[PDB]
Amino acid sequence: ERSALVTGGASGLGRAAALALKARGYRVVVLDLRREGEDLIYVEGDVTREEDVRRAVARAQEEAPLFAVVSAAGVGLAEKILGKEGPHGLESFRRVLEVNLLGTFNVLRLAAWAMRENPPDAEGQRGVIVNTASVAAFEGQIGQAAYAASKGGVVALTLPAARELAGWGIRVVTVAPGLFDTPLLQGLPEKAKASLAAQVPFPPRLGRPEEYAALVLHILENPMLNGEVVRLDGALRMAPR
């Protein structure tokens, strides 16, 4: 009946959301730099490129009216402000902002424009856009300045976006994951991965991709969740190290 667009759907959180949406009955289109082998429609592209996002949005609309949009594409970075040879590189900082923040904004503006004339459902909804930030937007650790800044931008985008899109019947919600198998964790060594996981109160483990997917699906089913950032982190509050 409806289509969904999931960026970053080739793996991790995006993959879980895409599979859950497919099982729920959505005609799912994945936008990712890579393609995989699940029973999903894969559009290979970059969220920072408007042409690629536009192609993915149109592909979804060809399947059915676009209702659910999940931005889960992102990159991580572990780099200190003061390095051993000099200060944090400017290009690495720019890249993280480009993918995590600009990419999310790019998907939001393009999907929203394309969904603006959707016939509303019984709740008056034309669609729902779910973005993915990180707890790093709130308790960034040493070495996470770029990542934290990019995610803080996503967090701040939530309200002004929801406020405007409310007139069009489009909700905007942000999920802020704690420690899961994502680029954040992937860019760290074992020693670091262990100590970080040890900081999570309960469940005392890495989050399961399916748990992120479950929250995303609940957001889609609950009209009252809007303009909010939901922490999915097992009560984690990251220490400096």
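We number the residues from 1 along the sequence you see.
Judged by mean Cα B factor in the deposited record, 83-91 ranks above the other of 132-140 and 83-91. Averaged over Cα atoms, the B-factor as recorded in the entry is higher for 116-124 than for the other of 116-124 and 158-166. Of the candidates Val53, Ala198, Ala213, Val70, it is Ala198 whose Cα B-factor is highest according to the PDB record. The entry lists a Cα temperature factor for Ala20 that places it in the middle third of the chain's modelled residues.
Sort the chain's modelled residues by C-alpha temperature factor and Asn226 lands in the lowest third, per the entry. The deposited CA B-factor of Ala235 belongs to the lowest third of values across its chain. Per-chain ranking of the deposited C-alpha B factor places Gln186 in the highest third. The entry lists a Cα temperature factor for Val57 that places it in the lowest third of the chain's modelled residues.
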